[PDB]
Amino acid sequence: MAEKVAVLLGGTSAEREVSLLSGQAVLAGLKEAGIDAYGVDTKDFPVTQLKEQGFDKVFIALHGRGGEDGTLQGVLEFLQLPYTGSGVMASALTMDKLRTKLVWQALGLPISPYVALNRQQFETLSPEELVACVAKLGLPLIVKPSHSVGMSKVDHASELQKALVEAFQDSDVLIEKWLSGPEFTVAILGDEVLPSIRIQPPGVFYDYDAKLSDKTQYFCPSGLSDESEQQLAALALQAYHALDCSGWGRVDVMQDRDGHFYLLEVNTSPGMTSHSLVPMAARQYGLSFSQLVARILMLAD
């Protein structure tokens, strides 16, 4: 009657090497807690066989494509295996920055002003009236695809059309007001919000590249005043529930010059390396790594 637990790790995404390390750390925390867990490198073993192999429960320590995007969660729902983190809808929805924003926006949650663009709209429109479309956003701006890659900063209009030809490779592209920073991240564990962490990237984007730079620095405590922390904590929780997330995740948020926070995204299978954000926040919150993973596992049912 004790559960056999698959720790899914590695995979075939560009984040494979981080995921190897996450799943390795998860596996050893689970074993420390006395969980009957086993490493499963999904690159070499088909996720569709987990049930055949005797597993009762899955801890997902994969990242990126096929790990945090709904596809693996559908496999697990098909097999009727319980698993960690968010379900099919939320896992997928969180990869789509346009629909994430629209949900948050319809709930009145704060996001930076923006304009989205289809293809049959990119094509239609004159470069010149593309800048009228965005003028109301002021300057500077960020231009990015809706699903990093093709991401770009813009300082005045002449520069815009270039960034827009990059981007459409991707029927949806986003054009938003540039925010000053700093950037913060808020880990969530079940219903509990963990201490926020301020992120300084080695200069401009905290993109995929700055998640293999040994430069990026995290601060926890973040340095926010007590009141700013409570507002950020309540906001992150709202943003997470807004998208139907469960188990655990990480909400990323950006301050602007006005001092207010703006929601960027929710990550539904965060890094779990000893150097990673959720473990960092969890330690500051008073949990050991091992307790953290035992608790994530308990939040799967």
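We call the rigid core the largest set of C-alpha positions that still match within 1.5 Å between the two forms. From 1 onward, residues are counted along the sequence shown.
The segment moving more, judged by mean Cα distance from this form in 5 other deposited structures of this protein after a core overlay, is 113-121 among 189-197 and 113-121.
Averaged as a root mean square over residues and superposed structures in 5 other deposited structures of this protein, CA distances to the shown form are larger in 155-163; the pair compared was 155-163 and 84-92 with a core fit.
For residue 172, the fraction of other compared entries lacking coordinates, among those that model flanking residues, is zero, nowhere near a third.
Annotation: residue 136 does not belong to the positions left without coordinates in a third of the other compared entries; each one with flanking residues models it. Where coordinates are absent for parts of the deposited sequence, a chain break appears; between neighbours residue 147 and residue 148 it spans 1 to 3 residues.
The modelled chain is continuous from residue 217 to residue 218, with every intervening residue of the deposited sequence accounted for. Annotation for 30-38 versus 238-246: the higher mean temperature factor (C-alpha) is found in 30-38. Of the two segments examined, 7-15 and 273-281, it is 273-281 that shows the higher average Cα temperature factor in the deposited entry. The entry assigns its greatest Cα B factor, within the set 85, 195, 202, 182, to 202.
The PDB entry assigns its highest CA temperature factor, among 102, 135, 92, 224, to 135. Remark: residue 44 belongs to the middle third of its chain, ranked by C-alpha B-factor as recorded. Annotation for residue 56: CA B-factor lies in the middle third of the chain's modelled residues. In the deposited entry, the Cα temperature factor of residue 297 places it in the lowest third of its chain's modelled residues. Ranked within its chain, residue 80 lands in the middle third, by CA B factor from the PDB record. For residue 74, the recorded CA B-factor ranks within the lowest third of the chain. Only modelled residues enter the ranking.
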